[PDB]
Amino acid sequence: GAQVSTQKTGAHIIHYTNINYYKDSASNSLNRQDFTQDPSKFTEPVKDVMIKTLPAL
Amino acid sequence: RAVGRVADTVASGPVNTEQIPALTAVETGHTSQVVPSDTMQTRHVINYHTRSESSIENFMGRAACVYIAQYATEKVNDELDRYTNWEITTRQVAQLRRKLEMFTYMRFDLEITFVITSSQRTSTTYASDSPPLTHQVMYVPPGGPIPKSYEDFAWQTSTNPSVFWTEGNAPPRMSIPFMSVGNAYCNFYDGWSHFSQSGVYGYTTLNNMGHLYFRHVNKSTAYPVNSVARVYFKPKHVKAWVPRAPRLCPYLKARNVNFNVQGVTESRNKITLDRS
Amino acid sequence: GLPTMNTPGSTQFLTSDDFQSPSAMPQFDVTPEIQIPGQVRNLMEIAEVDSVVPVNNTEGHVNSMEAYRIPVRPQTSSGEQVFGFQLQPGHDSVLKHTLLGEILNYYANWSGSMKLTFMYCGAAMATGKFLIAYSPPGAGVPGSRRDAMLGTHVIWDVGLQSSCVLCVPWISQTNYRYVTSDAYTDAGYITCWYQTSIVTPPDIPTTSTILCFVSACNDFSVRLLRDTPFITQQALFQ
Amino acid sequence: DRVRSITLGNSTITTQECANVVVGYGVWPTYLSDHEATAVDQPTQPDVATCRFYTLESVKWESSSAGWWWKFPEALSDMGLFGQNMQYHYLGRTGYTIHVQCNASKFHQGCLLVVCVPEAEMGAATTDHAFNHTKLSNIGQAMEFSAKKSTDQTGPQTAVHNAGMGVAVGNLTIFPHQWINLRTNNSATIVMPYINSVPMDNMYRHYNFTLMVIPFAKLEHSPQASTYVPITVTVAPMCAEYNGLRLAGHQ
Amino acid sequence: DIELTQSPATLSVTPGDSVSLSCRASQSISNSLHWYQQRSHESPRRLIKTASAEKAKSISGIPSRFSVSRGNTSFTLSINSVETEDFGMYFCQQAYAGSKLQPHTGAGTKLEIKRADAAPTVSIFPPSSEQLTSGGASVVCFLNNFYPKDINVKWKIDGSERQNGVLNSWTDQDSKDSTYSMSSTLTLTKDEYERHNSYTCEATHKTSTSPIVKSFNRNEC
Amino acid sequence: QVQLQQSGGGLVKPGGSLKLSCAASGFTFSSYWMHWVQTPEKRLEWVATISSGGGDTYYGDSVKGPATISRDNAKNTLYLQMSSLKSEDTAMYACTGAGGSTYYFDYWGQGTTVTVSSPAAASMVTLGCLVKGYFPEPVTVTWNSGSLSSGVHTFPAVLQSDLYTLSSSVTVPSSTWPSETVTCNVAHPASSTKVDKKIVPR
Ligand SMILES: CCCCCCCCCCCCC/C=C/[C@H](O)[C@H](N)CO
């Protein structure tokens, strides 16, 4: 039941093993390693796509 | 590549074309995606920086104090009573409220940790031997039997969850699932309570969260002792929707969102700069 | 039983720990989530959409709508200064209660490049150009347009397209700069000058308007989370 | 290009000058799926009767004007079969296509900000008093902002540099916004989907969003030019469906 | 808590000249603070309101002579210029952040017209036969023409001082020559009245180092 | 405006049921009430007939809008003998009544009793009559049958167990005194009793 994942290391032995003890999904620890993102819903919320090299109007 | 690491700066050079990366039109509501290579001559720089600290889990996932409950072992008035309730909400402290108000609809599993201290009340004498006190914190769901006073029938917790903490141990801690009625916590509810558009306005109507009754388990001490219970919240498994703009004017009331009228920023002398 | 030993750091309450904890309502049935539009997974998605800045924040214009309106007039001699401020996006009086400023005050360090988008708001028949310089802090803030043309600058020509973007670079000896900045991590100075003039046909008013924006590019980052020095309180709100 | 041509039901909109159509948070409005619903009754779906362009009342843009706000779906409560099916129901789920338009000249100047803020919980004009429901929004009237502090008794706070919600007015650009700059632009068009934390909600006890039009750069012209330039807002519901039939409301 | 040490300092002003009131707070200082003057006719006379830095709201009666500003932790009120008639007694009041409620009213000071300082002049007169049969004795002495109230008054009856049943009063400003005056009402018995021969009235000033002696004849008819 | 005019004044007994009525010109409700004993004013109630925190159990219903009846000072405990005010709160210009006091000290009427002083002297002749030991503090002092009401110095009376003392100093030259006739007249509001006394000449 053990799950081995990587550790938050620097940039140029590094694993950690967590085991869920309790029988609830809300009683687990934090998953701090979801860095995914998509800013296209706030920066470019347009219907017709605008390319940078093209003129805008 | 990996996920979350920032983009790079590709190298460029002197250009002379009909392309206009600089010019744009903000009337479309479209923020420009201008890479710094599109304006000047940049070098190839590898960016190893990450956006780990700016995720919603690392931004909200820290403990913050919410409510400071006071209750003693001898009743002297109706604010230092033998027991003390708290209508459970995240809007009474200022620093956690401004973080939760940055998004409209949130959805988090809560995590509550109490730190409970004590201090003898001021009197004419202090010498007494007392065993270590036991504090009881009973969650009351919305629509349950509330304890009217001490030694009540409803302090038995036949279905309510509760803790029993001896002074001097590790602080109590328990996790709470997401327990709204809808699909998200509404941090902003522009609307009324009744269908006639009257009654109470704001997000007060959707704050049906229960209560939290603090008391001592011990019958009495020799001399009266005041206790303080500080409640810390830590939202985990957070999913936030519809980001708001962060509130500028400071808060006034714990129910609604009223405010003084404030200026936009701090002032300065002039619009220019006057040194060489 | 199994012989354990309490290490230093036991029975403590660290504020930023991630430990498991026993649930209070076991086998709770949560309410199923739905596709709600506008989800955020990162604070830099909020700090990447633009927001206007109060460049005209001389007293008393901060508690009014004339804080964002930069006055632009037909000059009588070219090379004057339209405005100017320091590039401290967490401590300057201009860029700290904006959207990029109100996020970066929650953190202690920042990095990357910003985008100052300038949008004209005058008549359709008014023309003219501007010079928007950015001088890194070698020899102080520049004095005139000749002394600012040596730095990083763009010459925005107001025309059919209504708005240009000066993209400030990332020129620093440190990989991160503090928001409440000291003298070790100075960033630079932003000026904006009249290139030629503002010329008009007759029956057009003199005063025009330029709205400045601020954003972040695709390589912005923050670090070292804190609490913001923007909201204070004495007691609990009741 | 600049030319757009919107058509919904039997009432179209033709604009020679436009910027682009910002669509919500990047999603087109659609009906409720079978795995997100909570009701069990079969909903009604009038597609030509409700999903059409309704033109609201006109407002006047002068030099010393502060701004205006409409609250939806209260501003469409008396317009056609949209406001008649609103009274005979309990739940509603619509998306919108807000089309604000203002033409002056090639000699005028000015700039608006057409934004749609979901859950615009407004602060009161005076604190420690709940206010009247007719001072947030009426059935068709455009409630206006002010330049100074509103020392009212049963109204909202209409400080234009605070936008009624206590936030600085500059940071309203996170919400789906467009600028009507009279130098280039003429009309702003936004397509905003149904944004709520529940699948379907009542339409009288909950104003979903608030269309705000705020002049940032004030309007200047020569005195010889035409001094009356209006701002007309035509809003069209989109993908409307209703549930929970009932008698006539609304109380 | 909530301590207001309002409102130093005003003594005394010239008609047409300036003074600067002040008020301090120690509770939640970013409130909706204002002022409230008062004169003993009631006569409300509200004068100013400010919230929170800008938006000063002077009244229509005095719209161009006051000025309030803050802060911090204290706030002032400058007057240019005072004119008689004027209050009186000035109070520093507060509210919460809405809020035209006026709670939290602290103590306050006074300010009046400008005169030269003048010593109080006391004079005593023979009584009538209206207090004889009742067993009492109401000896009459009316002072005249003093300013300000930094004086002293005494009742030395032929070398015998009386503090039992004495009466003290201070009038407001009379409108013929801007004078002030006090009164005297005594309550003696029968056996103590005729023990003396001529009652003596004295009053001191801060300028004069000696009281004024006035003698009347009781048995004169 | 025009506030109010509240009437005023109240009356004994503190057994209960005291009412204070006012009028207005608009003003749909924003009225308050304020009372003071010897200090700066207190504050009850709020911008309604709703209660305040810290005030006593008397919380009066006030009708809407321009009548606001009443204070409803039920079950007095003789602490509340004070002077009440009533603000309106619709700028411009937020002025009060400012009502009338209510102490009034049961029960007897106490018609007026005077002890007139006769001056006997110098270049000025000062004259005043000692209205002594009266219950009702309202009076109306009239000198020289309605001609010498200019130099009258109205003095504060002092309470020592239901007795008051007003005195009105009038100053004449020696062109009338001691030849002509001088007499102070008191029009009495509460009991309507007439006093007339002549200064004896030497
Ligand atoms: C005392 C034994 C442990 C039980 C602890 C108490 C359980 C209650 C936890 C509260 C659950 C969160 C409810 C929502 C909180 C805020 O009001 C929302 N953000 C506003 O709707």
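Cut-offs and rules
- Residues numbered from 1 in each chain as written, not as in the entry; some residues may be left out.
- Chains lettered and ligands numbered in written order.
- Heavy atoms only, no water.
- Residues with missing side-chain atoms left out of burial classes, pairs and counts.
- Helix = DSSP H or I, 4+ residues; strand = E, 2+ residues; numbered from the N terminus.
- Rg over C-alpha atoms; globule rule 2.2 N^0.38 Å.
- Buried < 20%, exposed > 50% of the residue type's maximum accessible area, 1.4 Å probe, protein only.
- Contact = heavy atoms within 4.5 Å.
- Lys, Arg positive; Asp, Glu negative; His and termini not counted.
- Charge placed at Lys NZ, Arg CZ, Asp CG, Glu CD.
- Pairing = 2+ DSSP bridges.
- Near = heavy atom within 4 Å.
- Polar contact = N/O pair within 3.5 Å; in protein donor to acceptor, adjacent residues only side chain to side chain.
- Areas by Shrake-Rupley, 256 points an atom, 1.4 Å probe, with all protein chains shown as cover.
- Salt bridge = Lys/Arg side-chain N within 4 Å of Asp/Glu carboxyl O.
- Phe/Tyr/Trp six-rings, centres within 6.5 Å; stacked < 30°, edge-to-face > 60°.
- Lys NZ or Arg CZ within 6 Å of the ring centre and 35° of its normal.
- Domains from an automatic or database assignment.
- Buried area = accessible area lost by both parts, 1.4 Å probe.
- Nonpolar A, V, L, I, M, F, W, Y, C, P; charged D, E, K, R; others polar.
- Patch = residues over 30% accessible without salt bridge, like charges linked within 9 Å, V, L, I, M, F, W, Y side chains within 5 Å.

- As documented in the archive entry, the model was determined using cryo-EM at 3.7 Å resolution.

### Examining the overall build of chain C
Point 1. Per the secondary structure count, chain C includes 2 helices and 13 strands.
Point 2. Expected size for 238 residues packed as a compact globule is a radius of gyration near 18 Å; at 24 Å, chain C overshoots this value by more than 25%.
Point 3. Dimensions of chain C, computed from the C-alpha atoms along their principal axes, are close to 95 × 45 × 35 Å.
Point 4. The 238 residues of chain C split such that 59% are buried.
Point 5. Here the analysis covers contacts within chain C between residues at least 6 apart in sequence; of these, 80% occur between residues at least 24 apart.
Point 6. In chain C, which carries 11 positive and 19 negative side-chain charges, the distance between the mean positions of the two groups comes to 9 Å.

### A look at the pairing of strand β13 (residues 229-243) of chain D
Residues and elements named next belong to chain D.
Point 1. With 14 of 15 residues buried, β13 lies mostly within the body of the structure.
Point 2. Inspection of the sheet shows strand β4 (residues 54-55) paired to β13 by 2 bridges, in the antiparallel sense. Each residue of the ladder has a partner; that of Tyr-54, found in β13, is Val-235.

### Observations regarding the site of the ligand
Residues and elements named next belong to chain B.
Point 1. Lining the immediate surroundings of the ligand are 17 residues, of which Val-137, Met-174, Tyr-185, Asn-207 and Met-209 lie closest.
Point 2. Between the ligand and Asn-207, the relevant distance is 2.7 Å, taken from an oxygen atom to a side-chain nitrogen or oxygen of the residue.
Point 3. Here the ligand has 600 Å² of accessible area as a free molecule, and 98% of this is covered by the chains.

### Concerning the pattern of salt bridges
Point 1. Inspection of the entire model under this criterion finds 25 salt bridges over all chains.
Point 2. One continuous salt-bridge network, built from bridges that share partners, spans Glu-111, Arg-173 and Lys-234 of chain B together with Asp-17 of chain C.

### Regarding the side chain of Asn-109 of chain C
Residues and elements named next belong to chain C.
Point 1. As for its position among the elements, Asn-109 is in strand β5 (residues 109-111).
Point 2. Looking at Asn-109, the relative accessible area reads 4%, which means it is buried.
Point 3. Those residues in contact with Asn-109, other than ones at most four positions away along the chain, are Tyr-176, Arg-177, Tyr-178, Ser-221, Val-222, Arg-223 and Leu-224.

### Regarding the packing of aromatic side chains
Point 1. Scanning the entire structure with this criterion turns up 42 aromatic pairs over all chains.
Point 2. Taken together, a centroid distance of 5.5 Å and an interplanar angle of 85 degrees make the contact between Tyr-232 of chain B and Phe-13 of chain C edge-to-face. Separated into two different chains, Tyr-232 of chain B in strand β10 (residues 225-233) and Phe-13 of chain C in the segment before β1 (39-40) make up a pair that spans both.
Point 3. Ring-pair connections join several aromatic residues into one group, and the members of that group are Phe-83, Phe-85, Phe-118, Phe-130, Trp-156 and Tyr-194 of chain C.
Point 4. Seen from the ring of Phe-59 of chain B, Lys-99 of chain B lies directly overhead, with NZ or CZ sitting 5.7 Å from the centre.

### Overview of the domain arrangement of chain E
Residue and element names in this part refer to chain E.
Point 1. Segmenting chain E into domains produces domain 1 (1-114) and domain 2 (115-221).
Point 2. Between the C-alpha centres of domain 1 and domain 2 there is a distance of 38 Å.
Point 3. If you look at the interface, domain 1 gives 5 residues, while domain 2 gives 6 residues.
Point 4. In total, domain 1 and domain 2 occlude about 440 Å² of area from one another, counting both sides; carbon and sulfur atoms represent 38% of this.
Point 5. When the buried area of domain 1 at its contact with domain 2 is split by residue, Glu-112, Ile-113 and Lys-114 rank highest and sum to 75% of it.
Point 6. Along the contact surface separating domain 1 from domain 2 lie 1 salt bridge.
Point 7. The partner of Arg-39 in a salt bridge is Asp-172, with the nearest N and O atoms 2.9 Å apart.
Point 8. When grouped by side-chain class, the residues that make up the side of domain 1 that touches domain 2 number 1 nonpolar, 1 polar and 3 charged.

### Details of the sheet that holds strand β12 (residues 209-220) of chain D
Residue and element names in this part refer to chain D.
Point 1. In spatial order, the strands read β9-β6-β12-β8-β10; together these 5 strands make up an open sheet with antiparallel pairing. Sheet topology places β9 (143-144) and β10 (177-181) at the edges, where each strand pairs with a single neighbour.
Point 2. Where strand β6 (residues 68-72) lies against β12, 5 bridges are found, and the strand directions are antiparallel. Within β12, the residue paired with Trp-70 across the bridge is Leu-211.

### Quick word on the interface of chain B and chain C
Point 1. Each side of the interface is counted separately: chain B has 89 residues, and chain C has 93 residues.
Point 2. With both chains or domains summed, chain B and chain C bury close to 8400 Å², and 59% of this area falls on carbon and sulfur atoms.
Point 3. In this structure, the connection of chain B to chain C is made through 4 salt bridges.
Point 4. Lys-234 of chain B is paired through a salt bridge with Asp-17 of chain C; the nearest N and O atoms lie 3.7 Å apart.
Point 5. For the interface between chain B and chain C, the tally reads 34 residue pairs in polar contact.
Point 6. Sorting the residues of the side of chain B that touches chain C by element identifies β1 (23-24), α1 (56-60), β2 (64-72), α2 (95-100), β4 (103-120), β7 (173-176) and β11 (236-243) of chain B as the ones contributing at least two each.
Point 7. Looking at which element gives the most residues to the side of chain B that touches chain C, the answer is β11 of chain B, with 6 residues.
Point 8. Taken together, the residues that form the side of chain B that touches chain C break down as 45 nonpolar, 25 polar and 19 charged.

### Considering a nonpolar patch on the surface
Residues and elements named next belong to chain A.
Point 1. A contiguous nonpolar patch, built from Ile-19, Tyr-21 and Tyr-22 and spanning about 340 Å² of accessible area, is present on the exposed surface.
Point 2. Locating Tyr-21 in the fold gives a position in the segment after β2 (15-18).
Point 3. Residue classification places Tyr-21 among the exposed positions, given a relative accessible area of 63%.

### Thoughts on the sheet that holds strand β8 (residues 160-161) of chain E
Point 1. Taken in spatial order, the 3 strands of this open sheet run β8-β7-β9 (chain E), and their pairing is antiparallel. Two strands lie at the open edges of the sheet, namely β8 and β9 (200-204) of chain E, each paired on one side alone.

### What to know about the environment of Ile-46 of chain C
Point 1. Topologically, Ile-46 of chain C is positioned in the loop between β1 and β2 (51-52).
Point 2. For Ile-46 of chain C, a relative accessible area of 1% gives the class buried.
Point 3. Separated by 57 residues in sequence, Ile-46 of chain C and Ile-103 of chain C have C-alpha atoms that sit 8.4 Å apart.
Point 4. Residues in contact with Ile-46 of chain C, not counting those within four places in the same chain, are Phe-103 and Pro-243 of chain B, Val-40, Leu-99 and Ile-103 of chain C together with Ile-174 of chain D.

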